[PDB]
Amino acid sequence: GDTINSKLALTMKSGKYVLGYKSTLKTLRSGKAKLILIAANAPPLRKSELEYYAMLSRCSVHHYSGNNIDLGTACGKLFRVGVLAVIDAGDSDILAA
Amino acid sequence: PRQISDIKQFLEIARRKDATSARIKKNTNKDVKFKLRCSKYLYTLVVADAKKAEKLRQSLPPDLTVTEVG
Amino acid sequence: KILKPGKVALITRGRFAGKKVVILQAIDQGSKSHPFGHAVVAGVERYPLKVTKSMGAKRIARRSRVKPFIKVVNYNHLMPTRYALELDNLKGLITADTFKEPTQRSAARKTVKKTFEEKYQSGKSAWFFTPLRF
Amino acid sequence: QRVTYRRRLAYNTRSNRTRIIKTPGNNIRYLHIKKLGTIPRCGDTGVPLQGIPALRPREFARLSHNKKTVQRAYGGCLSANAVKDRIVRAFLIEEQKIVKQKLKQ
RNA sequence: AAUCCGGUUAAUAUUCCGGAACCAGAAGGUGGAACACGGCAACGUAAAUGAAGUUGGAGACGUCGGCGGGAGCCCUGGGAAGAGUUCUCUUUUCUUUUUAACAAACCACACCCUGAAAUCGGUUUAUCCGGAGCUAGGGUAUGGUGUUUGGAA
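Residues numbered from 1 in each chain as written, not as in the entry; some residues may be left out. Chains lettered and ligands numbered in written order. Part of a larger assembly, values for the part shown. Heavy atoms only, no water. Residues with missing side-chain atoms left out of burial classes, pairs and counts.

- Per the PDB record, this model was obtained through cryo-EM at a reported resolution of 3.1 Å.

- Going by what the PDB entry lists, chain D is known as 60S ribosomal protein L34-A and is assigned to Schizosaccharomyces pombe.
- Anyone opening this PDB entry will find it titled "Fkbp39 associated nascent 60S ribosome State 4".
- Under Subunit, UniProt gives the following word-for-word description of chain D: "Component of the large ribosomal subunit (LSU). Mature yeast ribosomes consist of a small (40S) and a large (60S) subunit. The 40S small subunit contains 1 molecule of ribosomal RNA (18S rRNA) and at least 33 different proteins. The large 60S subunit contains 3 rRNA molecules (25S, 5.8S and 5S rRNA) and at least 46 different proteins."
- Under the heading Sequence similarities, UniProt records this for chain D: "Belongs to the eukaryotic ribosomal protein eL34 family." (UniProt positions renumbered as here; feature names shortened; annotations may be inferred.)

- In the nomenclature of the PDB entry, chain C corresponds to 60S ribosomal protein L27-A from the organism Schizosaccharomyces pombe.
- Per UniProt, chain C has the following entry under Subunit: "Component of the large ribosomal subunit (LSU). Mature yeast ribosomes consist of a small (40S) and a large (60S) subunit. The 40S small subunit contains 1 molecule of ribosomal RNA (18S rRNA) and at least 33 different proteins. The large 60S subunit contains 3 rRNA molecules (25S, 5.8S and 5S rRNA) and at least 46 different proteins."
- In the Sequence similarities part of its UniProt record, chain C is described as follows: "Belongs to the eukaryotic ribosomal protein eL27 family."

Dropping the structure here:
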């Protein structure tokens, strides 16, 4: 929850992350996406599409409680993000969490 | 009405039995317009040289009815 | 690492949309003509029909005949699947020369069709051979 | 000058649609032009299709199959995004079907 | 489902005449076509089997406002022909100056590919788009359009 959001903010500040669906899909195909976050308000078709790729590529998937706007606010960007991937957590330890 | 640019095809439409008459038109820009009346379409051919205008005229089969400036 | 030779996938767009193919060679590193994650994959354009014992031998052979098609597809336009078919013939037979030369492409397509027919006769890769309804 | 209807039907309506021409005889007249065609639309989501003409069904009948279809499965009736939607659904719920059948077995 | 122009009668014209097209149905002959291929793709072609059965779309649709395009009418310059004006000034004043249906090619709102954005960018007259992919580049399709010709001088 709050710890996950803090770890995500630290990962976005230090590590490498792609807060985009196409970028996350490319990272999942390449296998470099260790962890991914999917917004609750995302369509079920898109959520299942990310889940299938995550299972194929052996990547952790976390369902954020908030909507796309809430996910964007947590990420600190000025636009809502429906899905994000963290290739490297940097100083953050969100990979274990 | 179709505009035909390839000389040989205009010959082969003329040789086709569906062709009935052909019209020769002399335009002010010294272009001659071979207008071949067919069943569905009027095929026209614009050739710029006066001499290709002439060697075309008798290369048309004699059975087809050529007509002077309409 | 998700894209490797011999991995069965599905096409997402184009004329052969919703068609199962096998990744013959991966060019994810890119190419001058193919500057993306293009993978040359050969699939089946006409899935084999249901063979009936009562039907004649010629009819059964015609139903079992599969027409293949080999083409390059984008990584985004390709949907990977869990199933994988390790076709020895459809491994390294596709190259730039094969894609360029039309006669070589036809020969490669004939070889792929023969390999697919042999696999169908052997009853292997049933899920890949069976068309998927949309 | 001032024109008149060519037909015997007054009362400009959805079918009494006219267009001014300048004739070769230097006369202004009406041609009763007809209702324009509309491109057929998607049944999945309602967006009009792409790549096919906007016509009435009677001159649809005069078109050719390749001017009519889009060369793909579910073509001519479903759009590109629609055919994408069917195939992704086809894939993901048989993945879901097979995983639950493994769970139950 | 499908027709335009010009002319013709004392009286009929999208009906008659001359010319140029279109639609529907029906069989065959000749030639090319061979359970087809090329484009990663938005697709495309002269062809590119489809018995039954199953399915969808067009046809098949309210009202207001702004914007842009086109067509005709109106205004207008140069030129050409005819008519009016006049010792004087007026290269003047007035009238006329046309291109139908139907065809052919060419020729931008929607989509895709490369691309991965924030330094937030693009961008409507009227602030909407975008991590559901931005800008940019390249294509795809409906191409009244005009870009020329046929009709057609």
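Still more to cover.
## Points about the overall build of chain D
Here is step 1: For chain D, the count of helices and strands is three helices and two strands.
Here is step 2: Rg of the C-alpha trace for chain D: 25 Å, well past the compact-globule value of 13 Å for 105 residues, more than 25% over.
Here is step 3: Summarising its shape, the C-alpha atoms of chain D cover approximately 85 × 30 × 20 Å along the three principal directions.
Here is step 4: Classification of the 105 residues of chain D by burial places 15% in the buried group.
Here is step 5: Surface exposure of chain D reaches about 8,400 Å², of which carbon and sulfur atoms provide 53%.
Here is step 6: Considering chain D, the positive charge centre built from 25 side chains and the negative charge centre built from 5 side chains are found 22 Å apart. (Helix = DSSP H or I, 4+ residues; strand = E, 2+ residues; numbered from the N terminus. Rg over C-alpha atoms; globule rule 2.2 N^0.38 Å. Buried < 20%, exposed > 50% of the residue type's maximum accessible area, 1.4 Å probe, protein only. Areas by Shrake-Rupley, 256 points an atom, 1.4 Å probe, with all protein chains shown as cover. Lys, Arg positive; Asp, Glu negative; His and termini not counted. Charge placed at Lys NZ, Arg CZ, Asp CG, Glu CD.)

## A few points about the overall build of chain C
Here is step 1: Regarding its fold elements, chain C presents four helices and five strands.
Here is step 2: Relative to the compact-globule value of 14 Å for 134 residues, chain C shows a C-alpha radius of gyration of 15 Å, a close match.
Here is step 3: In chain C, the share of contacts with a sequence separation of at least 24, taken over all contacts with a separation of at least 6, comes to 48%. (Contact = heavy atoms within 4.5 Å.)

## Remarks on the arrangement of the chains
Here is step 1: In this assembly, three pairs of chains are in contact, and the pair contributing the most contacts is chains C and D.
Here is step 2: You won't find any contact between chain B and chain C; their C-alpha atoms come no closer than 31 Å.
Here is step 3: Across the gap from chain B to chain D, with no contact made, the nearest C-alpha atoms are 17 Å apart.

## Some remarks on the sheet that holds strand β3 (residues 60-64) of chain A
Residue and element names in this part refer to chain A.
Here is step 1: Pairing in this open sheet of four strands is mixed, and the strands run β1-β4-β2-β3 from one edge to the other. Strand pairing shows two members of the sheet lacking a second neighbour, β1 (17-18) and β3, which therefore form its edges.
Here is step 2: Note: β1 against strand β4 (residues 83-86), two bridges, orientation antiparallel. Bridge assignment links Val18 to a residue of β4, and that residue is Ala85. (Pairing = 2+ DSSP bridges.)

## Section: the pairing of strand β3 (residues 38-46) of chain C
All names here are of chain C.
Here is step 1: Pairing of strand β2 (residues 20-27) with β3, which is carried by six bridges, proceeds in the antiparallel orientation. Note that in β3 the partner of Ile23 across the bridge is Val41.
Here is step 2: For β3 and strand β4 (residues 67-73), the ladder comprises seven bridges, and the chain directions are antiparallel. Each residue of the ladder has a partner; that of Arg46, found in β4, is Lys67.

## Some words on the interface of chain D and chain C
In many reports, interface size means the accessible area that the parts give up when they come together.
Here is step 1: Contacts between the two partners involve eight residues from chain D, matched on the other side by nine residues from chain C.
Here is step 2: Across the side of chain D that touches chain C, the residue classes tally to four nonpolar, one polar and three charged. (Nonpolar A, V, L, I, M, F, W, Y, C, P; charged D, E, K, R; others polar.)

## What about the domain arrangement of chain D?
Here is step 1: Looking at the assigned domains, one finds that chain D contains domain 1 (1-36) and domain 2 (37-105).
Here is step 2: With centres defined by C-alpha atoms, the gap from domain 1 of chain D to domain 2 of chain D works out at 41 Å. (Domains from an automatic or database assignment.)

## Some details on the packing of helix α3 (residues 44-57) of chain A against helix α3 (residues 80-104) of chain D
What describes two packed helices is the angle between their axes and the distance between those same axes.
Here is step 1: At their nearest, the axes of α3(A) and α3(D) sit 11 Å apart, and the two run at 65° to each other. In the crossing of α3(A) with α3(D), the sense of the turn from one axis to the other is left-handed. Across the interface between the two elements, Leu45(A), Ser48(A) and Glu49(A) from α3(A) touch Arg89(D), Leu92(D) and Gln96(D) from α3(D).
Here is step 2: Residues that form the contact of α3(A) with α3(D) fall into these classes: two nonpolar, two polar and two charged. (Axes fitted to C-alpha atoms, helices over the stretch in contact; angles between N-to-C directions. Left-handed = near helix turned anticlockwise from the far one by under 90°.)

## Here we look at the sheet that holds strand β5 (residues 78-84) of chain C
Residue and element names in this part refer to chain C.
Here is step 1: An order of β4-β3-β2-β1-β5 is seen for the five strands of this open sheet, with the pairing classed as antiparallel. In this open sheet, the two edge strands, each paired with only one partner strand, are β4 and β5. The average angle at which neighbouring strand axes cross in this sheet is 40°, direction not considered.
Here is step 2: Sheet topology places strand β1 (residues 7-11) next to β5; four bridges connect them, and they run antiparallel. Looking at β5, one finds that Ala9 is bridged to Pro80.

## Some words on the pairing of strand β4 (residues 42-47) of chain B
Residue and element names in this part refer to chain B.
Here is step 1: Relative to β4, strand β1 (residues 2-3) runs parallel, the two sharing two bridges. Paired with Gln3 across the bridge in β4 is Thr44.
Here is step 2: In terms of strand pairing, strand β3 (residues 32-37) meets β4 through six bridges, oriented antiparallel. In the sheet register, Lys33 faces β4, and the bridge partner there is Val46.
Here is step 3: Following β3, the chain reverses through four residues before pairing antiparallel with β4.

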